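Just the one chain here, the form deposited in one PDB entry, laid out as structure tokens.
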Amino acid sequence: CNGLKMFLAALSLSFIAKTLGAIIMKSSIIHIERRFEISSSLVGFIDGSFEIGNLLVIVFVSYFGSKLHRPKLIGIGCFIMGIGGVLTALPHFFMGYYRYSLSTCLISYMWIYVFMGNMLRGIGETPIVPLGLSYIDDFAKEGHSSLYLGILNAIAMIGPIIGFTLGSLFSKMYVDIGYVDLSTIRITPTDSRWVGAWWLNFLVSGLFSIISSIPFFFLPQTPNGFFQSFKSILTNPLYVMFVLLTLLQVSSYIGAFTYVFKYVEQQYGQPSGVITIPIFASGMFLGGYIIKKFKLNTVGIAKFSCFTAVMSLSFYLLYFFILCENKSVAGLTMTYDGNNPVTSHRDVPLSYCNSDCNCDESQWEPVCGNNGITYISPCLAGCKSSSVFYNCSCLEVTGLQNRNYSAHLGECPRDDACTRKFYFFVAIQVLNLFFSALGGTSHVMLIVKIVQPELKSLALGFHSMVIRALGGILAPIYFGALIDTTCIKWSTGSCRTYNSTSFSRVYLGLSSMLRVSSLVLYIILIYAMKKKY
């Protein structure tokens, strides 16, 4: 510990703190919805409060904080994050006791505090990445800041592990722990009225941020115009090219990793990271190691990041050839009788087998029979008696008497040919995660060398605004819009099933085009750097 290593330890602890807090916000939002009895637009607005608070002031704090005492301001931001977590846990402490109280064929204002501390957490997230990493760069020795950045991004993945374990553990217990005798609660954690101890999650997050706040305040400053500088950032063509590039690439990353589980469910039929976390943590540290040990300059780091994204997209193009066959669903892609396909999935005709008993056509109760054809309800499958479902008459046979019953409930799994293709899919996603982590620190590491040395904090703040705004918010919105234009059964809400060929084509091809655009901008950007340098 030569003075600087103490700062890297404290900054790694703060990275764990903020990445823990993000997972706690993502995990304990359903319990807040059940406890506060708030609507979907309201809980989305509370969820977006963090982005509002961060995106309002991130450029101003990153600009005005570089000339000031940087570790003290990082500690102040960590303390504001802890106060926001404590304030988010605060409305539980003074509300009181929480209160909570087969489709057969027929032949109030306390949420503001949870809002407000979340905004504080937004300011808590604000000075960590721009002011911290820049304070790394002017006083770490040359080549070493990539290694410290890879170490910090590897160490910060401990935070989601702590968040997942504490979230599951404190969601297993009741919200009124320590206040009521536990034998008096009649409901189970699987019930729809259960609320876990979300206040415990925000309490441990706030106290962890508060504990991480102290080691910043004892670090020294050194170990041994706004529009004018912001115009100087924006008028650099290499920087605005790199920011548009990284917007496209990170938007592809976010629009992929938001819907990986939905793609797995609607393609391979397997329902929705123990091994992937060592792969990611080794990949990011390996990226820092390759940048540090090989003595890469700025065009070298640009070429290395380009190479990693080329291998990532080379494995990403292979996902088109591992598609399973489409689901055999009666009433959406074919008619209910199983003889004639239908031209379009909107307002399909009814069949003569299921004309007789009138059930809900919009009801979704997935079953499949002996023949492997998925049926959408036991009313529309012809099944009149259930124990399994029996006497199903919407399955045409040429006198096969035994093929009239034995239909289980749920979406039964697909063939074993594409079950191996699912394992191929998971292996290629592991390789893509490894190469994305191998890219990793290069996005930050190019920015501090593109700009002037006294505008690195402003540049990192503006880039972080752009990535969290047009990549963190709008990119899942238009990915969800383009994905939901391929819905095949609308539940009156989110669609239950998708058209697997069309959904696969759109979800893969949008990220493919969005990646090849940044891959073209690689040749443009390295061409510009090689002309300049």
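The term rigid core refers to the most C-alpha atoms you can superpose between the two forms while keeping them within 1.5 Å. Don't overthink the numbering: it's just position in the shown sequence, from 1.
Residue-level annotation: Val388 lacks coordinates in a third or more of the other entries compared, counting only those that model residues on either side of it. Modelled in this chain, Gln401 is nonetheless absent from a third or more of the other compared entries whose models extend past it on both sides.
The gap between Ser355 and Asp356 holds no unmodelled residues of the deposited sequence. According to the record, 10 or more deposited residues between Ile107 and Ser108 are left without atomic coordinates.
From this point on, the text means the form deposited in another entry, which you will not see here.
Shift analysis on the rigid core between this form and the one not shown singles out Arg403 from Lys262, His144, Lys449, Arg403 (C-alpha displacement of 2 Å or more). Taking 2 Å as the criterion, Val348 counts as shifted between this form and the one not shown: its C-alpha moves by at least this amount when the rigid core is aligned.
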